[PDB]
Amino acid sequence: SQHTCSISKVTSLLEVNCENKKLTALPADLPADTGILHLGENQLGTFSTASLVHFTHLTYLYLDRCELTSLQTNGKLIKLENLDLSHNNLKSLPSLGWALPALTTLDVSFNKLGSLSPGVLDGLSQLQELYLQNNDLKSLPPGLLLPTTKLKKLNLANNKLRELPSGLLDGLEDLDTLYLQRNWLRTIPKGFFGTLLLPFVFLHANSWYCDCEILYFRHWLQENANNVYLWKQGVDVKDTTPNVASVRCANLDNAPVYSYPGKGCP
């Protein structure tokens, strides 16, 4: 029948699926009570949140695979909890927190982000999950995660990170999963993990340099052998065994960092 999108409602939210419909623009005739909007596999190019301010039930918004080159956060989406911008061409992000106060899940994976601005996450006090994997990030700003105290999952894998801010994780007591595999990391700064307990941490495929400055990390690794994992496609970390040996000294023929003797270190 005639509406381009498929409209249904299995949960408490009216669900509108406009995926893969050769769209160039947002539909003009979306239902007023749209709660979940699927817009993936279209050719939107750009997206401004001002276009959805009048859908007062909108809670899930999927803009994945939309050819996006930019995002404007000029309209406030009061109820939005889940925003998916993955598999697009974003090179920068605007400030998100004024527009997206209720957000709990942000996915900006598979984009081309080269950096993040200082207060991009300011005001996202409810954020629980942040997916940034498969971008071009070279460093992260100081205080990035200070607005997001309830963060539970952080995925920074498959970027170009050269170093990490010393205080990146400070105070993130609910953080349970951390993915840093596939970066250009050579060391971990003293105090990086604090007294945080992180049951699922992935640190492999970096180029750790084993010398006297890797000793904070070696100790942490020994103490958290039970919490370091090898990422395995399509398999939930809960069905995998820990593998502390996955973390290796690139300058010592990939011998594991956990067993690095530190010979002749003060």
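In case it trips you up, residue 1 is the first one in the sequence shown, and so on.
- As listed in the deposited structure, the average C-alpha B-factor of 211 to 219 and of 197 to 205 is greater for 211 to 219.
- Mean CA B-factor, 90 to 98 versus 147 to 155: the higher value falls on 90 to 98.
- Out of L71, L106, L164, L175, the entry records its largest CA B-factor for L71.
- Placement of the Cα temperature factor of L23 within the chain: highest third of the modelled residues, per the deposited record.
- The entry lists a Cα temperature factor for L61 that places it in the lowest third of the chain's modelled residues.
- Annotation for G123: CA B-factor lies in the lowest third of the chain's modelled residues.
- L252: CA B factor in the highest third of modelled residues in this chain (values from the PDB entry).
- In this PDB entry, the Cα temperature factor of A225 sits in the middle third of its chain's modelled residues.
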